[PDB]
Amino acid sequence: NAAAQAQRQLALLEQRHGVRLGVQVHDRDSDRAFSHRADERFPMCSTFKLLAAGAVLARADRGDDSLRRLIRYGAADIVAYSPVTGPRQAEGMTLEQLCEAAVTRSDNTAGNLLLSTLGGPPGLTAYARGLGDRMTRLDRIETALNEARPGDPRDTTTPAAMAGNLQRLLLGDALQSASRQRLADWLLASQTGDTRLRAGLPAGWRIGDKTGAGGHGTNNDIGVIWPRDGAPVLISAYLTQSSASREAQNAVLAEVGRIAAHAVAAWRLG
């Protein structure tokens, strides 16, 4: 069967490359799933920005904050990999702009400003617990959280826990309609990840994804696949302990995408 075939291929892929690979796939159409190390801990890196944006959107839904509120921040607050917030330091950015920069561009300062709005990393963890995720924990801000030391439980999630969060946020009732659509838009618009899961999917399919990258050869890609025919598919892919280049790591994630696409295609064909 297709799920067993996919799990077999993931075992071979992981061994060929000497990595630790964590994958959860859940197809809403057939209700089938497959996984590899899906309950093990993996460093989140930038994938936390999906939850941070969800938490801020949920506050806006309640009137606990406003997406139009302008946030001002200082030159000393700008951390590495901040392509949107860096150039806009003198002018400030609204909460909506920061959500968009964090998700679509993986802007690290934007992620940190969202965290500050939530009260810090503990606010992110508390939000995750409210979604029914008992595993994810954020302990540090960017870029300290990208250390990704093996054996360190700080700043980790599990592939299965993050797939559960994707379902709640994009397909369930965690957010109101307009907020759910905005988050989906930002994920679809991200051109980070063009050589990761996207590279293994058929060209007629679509993917809204949030990437991450960190120390110890950590490279992640999570999101929702919209196949040519049928219902959305949740995918959560975490790779770490790679001794190879980023290009080679991206190719491993592209092969995860091919494996997932073939299983979904078989589920669509019966």
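Throughout, we count residues from 1 along the sequence that is shown.
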Quiz item: Comparing 187-195 with 92-100, where is the mean C-alpha B-factor higher?
Solution: 187-195
Practice problem: Going by the average Cα B-factor in the PDB entry, point out whether 151-159 or 177-185 comes out higher. | Solution: 177-185
Quiz item: Lowest, middle or highest third: where is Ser245 by Cα B-factor in its chain?
Solution: highest
Quiz item: Among the modelled residues of its chain, does the C-alpha B-factor of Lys210 lie in the lowest, middle or highest third?
Solution: lowest
Quiz item: When the modelled residues of the chain are sorted by Cα temperature factor, does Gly217 land in the lowest, middle or highest third?
Solution: highest
Exercise. Tell me, lowest, middle or highest third: where does the Cα B factor of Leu169 rank within its chain?
Key: lowest
Exercise. Would you check the entry's CA temperature factor for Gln15 and let me know if it's in the chain's lowest, middle or highest third?
Key: highest
